[PDB]
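Enquirer: In order, the protein sequences belong to chains B and A.
Residue numbering for the first sequence follows the entry's author numbering, beginning at 3 and increasing consecutively.
Residue numbering for the second sequence follows the entry's author numbering, beginning at 3 and increasing consecutively.
Yeah, the Cβ is synthetic: ideal placement off N, Cα and C, and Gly gets one too.
Take this structure, written in structure tokens, and hold onto it; I'll ask about it next.
There are 2 protein chains.
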Amino acid sequence: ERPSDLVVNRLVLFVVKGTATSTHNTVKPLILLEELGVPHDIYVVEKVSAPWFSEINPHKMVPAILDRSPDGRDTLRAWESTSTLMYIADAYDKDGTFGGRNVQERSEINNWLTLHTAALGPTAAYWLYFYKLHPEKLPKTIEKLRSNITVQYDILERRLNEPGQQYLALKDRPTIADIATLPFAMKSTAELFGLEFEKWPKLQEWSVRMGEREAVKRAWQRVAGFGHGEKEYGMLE
Amino acid sequence: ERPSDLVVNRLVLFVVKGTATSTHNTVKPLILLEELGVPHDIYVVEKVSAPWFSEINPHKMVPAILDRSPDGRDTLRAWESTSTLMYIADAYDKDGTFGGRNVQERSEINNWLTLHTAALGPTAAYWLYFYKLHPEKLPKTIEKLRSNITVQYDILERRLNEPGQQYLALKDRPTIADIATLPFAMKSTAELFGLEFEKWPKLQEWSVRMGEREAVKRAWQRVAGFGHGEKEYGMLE
Ligand code: NA
């Protein structure tokens, strides 16, 4: 059984209480929702281990989405942060401004999106798990993961050093690839991993260029705030 | 400089010499090519570290694809196995048989495809890295990765126990989510991880149903043989 305040009249984004370590994945769909101006509600999950929530996301994590299918026939769900980006793009990015307009664009967008999904994303998640959550401290494993993060920053830097390459996928404009990558490829996160972000100057420039976008600023301010307003948990107003 | 035998007249799939542990990602786009009957060449890479290959895939791994743009005027690329699947479906699966025919299908395909890309895939990759490749054995790290594989198997098993859920994403037919998951969710790979696959009966059943598809059989038989024929490295005839 779902909670009584969980209703789907529009896209619902599931998040947890905003903290330094709880927003790096949930901010991704929120950025895209802000960029596209998609109507959405925010649901602050108290316990991701709750049975009702594993019905939405069997991986028991945020972000998750419930939305009405375009024809209204189904309650669609999206879970995994990359999958929330693909879903919002598919349902709402009519012009492929973030999703890609043609096969050529999508080919690079899916390359840089998947690189994050498969490499930087999971490495950073394992780095954080072993550094902070694992009952035993495994410093050899932690150091290898931190080393793998520098290799991923090395790839992103090489790409942003190519002529006219202002963004990861496309030269001209940011895509879901850029949105997926940003939270793990900015100064505060690099500082968390124990790295000096200035060592990747084009990547740092890119992070600032992205950070200056109004949608991204609005996303960061809101995700930090979720659960710390008049409502602690459940559907926000 | 690019090798003299590398030309893009059609889709070229980049692979390495076939072994039990070198083919679980390259097999994914090869299954989809076989399923759709996409004309393609195979290129056996001697050294993924070779500077010419890093210009194709900066992550210096297989699989990677070079192919002609829709209009045939330009060359495009896909790299990361999941990205190779998304590209082939975009360019060649116009009926959305494997890519998904609508927002509802694609929502579930992208959920189960991204779960593999973000969770089982990277976990299996780190497991193999620490188990064979890393210069010192780290048994606690390997144990935790193994345990995380069982948690991914538990999620897949829960899904395939849902009434009528014959495949991971859709009830009725396999998609790129199934193709992506299979190599890391079959008896042989389970045995390699030191797991008893019988503990996940619906997952084992699904693996056998996928394995009985002619395209999946053709892919497995071909990928094992790359680099063992009359031409060891370069463009196969
Ligand atoms: Na089943």
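1. When the distance is taken between beta carbons, is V10/A closer than 8 Å to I44/A?
2. One question on the structure: do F195/A and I151/A come within less than 8 Å of each other, judged by their Cβ atoms?
3. Return yes when at least one heavy atom of the ligand NA lies under 7 Å from the C-beta of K233/A, else no.
4. Exposed or buried, which one is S85/B when buried takes at least 16 other CB atoms within 10 Å?
5. What ranges does the alpha helix (DSSP H) occupy inside the segment 9-56 of chain A, keeping only unbroken runs of at least 4 residues that lie completely in it?
6. On the CB-based measure, 16 or more other CB atoms within 10 Å of its CB, does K173/A come out buried or exposed?
7. How far does the beta strand (DSSP E) with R79/A in it extend, from its first residue to its last?
8. For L115/A, which option in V64/A, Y128/A, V50/A, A182/A has the closest C-alpha, if you only look at C-alpha atoms?
9. Within 8 Å, do at least three Cβ pairs link the segment 93-112 of chain A to the segment 131-140 of chain B?
10. So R79/B contacts chain A; which residues on that side make the cut at Cβ distance below 9 Å?
11. So, do the segment 159-172 of chain A and the segment 214-221 of chain A have three or more beta carbon pairs nearer to each other than 8 Å?
12. Following the continuous beta strand (DSSP E) through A66/A, name the residue where it begins and the one where it ends.
13. When the Cα atoms are used, what is the spatial distance from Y155/B to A120/B?
14. Flag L34/A as yes when its Cβ comes closer than 7 Å to any non-hydrogen atom of the ligand NA, and as no otherwise.
15. Counting only runs of 4+ residues fully inside the segment 119-205 of chain B, write out the alpha helix (DSSP H) ranges in chain order.
16. Helix or strand or just coil, what does DSSP make of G236/B?
17. Quick check: the segment 204-216 of chain A against the segment 53-65 of chain A, are there 3 or more CB pairs under 8 Å?
18. For the putative contact between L147/A and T125/A, defined by C-beta atoms under 8 Å, what is the C-beta separation to the nearest angstrom?
19. Rounded to whole angstroms, how far is the Cβ of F186/A from the Cβ of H26/A, which I believe are closer than 8 Å?
20. Leaving aside the five residues before and after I58/A along the sequence, list all residues of the same chain whose C-beta is less than 8 Å from its C-beta, in chain order.
21. Using DSSP with H/G/I as helix, E/B as strand and the rest coil, what is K62/B?
22. What do you reckon, is the C-beta of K201/A under 7 Å from a heavy atom of the ligand NA?
23. If you count every other CB in all the chains shown that lies within 10 Å of the CB of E36/B, and 16 or more means buried, which is it?
24. Can a CB atom of chain A be found closer than 8 Å to the CB of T28/B?
25. Suppose the cutoff is 8 Å on Cβ atoms and the five residues either side in sequence are ignored; what does the same chain contact list for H42/A look like?
26. Apply the 10 Å Cβ neighbour rule to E164/A and answer buried if 16 or more other Cβ atoms are within range, or exposed otherwise.
27. Give the secondary structure of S109/A by DSSP, where H, G and I count as helix, E and B as strand, and everything else as coil.
28. Quick check: does the Cβ of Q168/A come within less than 7 Å of any heavy atom belonging to the ligand NA?
Expert: On the basis of the supplied data:
1. no
2. yes
3. no
4. buried
5. 29-38
6. exposed
7. 77-81
8. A182/A
9. no
10. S109, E110, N113
11. no
12. 66-70
13. 14 Å
14. no
15. 123-130, 141-162, 178-183, 189-195
16. strand
17. no
18. 6 Å
19. 6 Å
20. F16, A66, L68, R79, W81
21. coil
22. no
23. buried
24. no
25. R12, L13, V14, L15, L35
26. exposed
27. helix
28. yes
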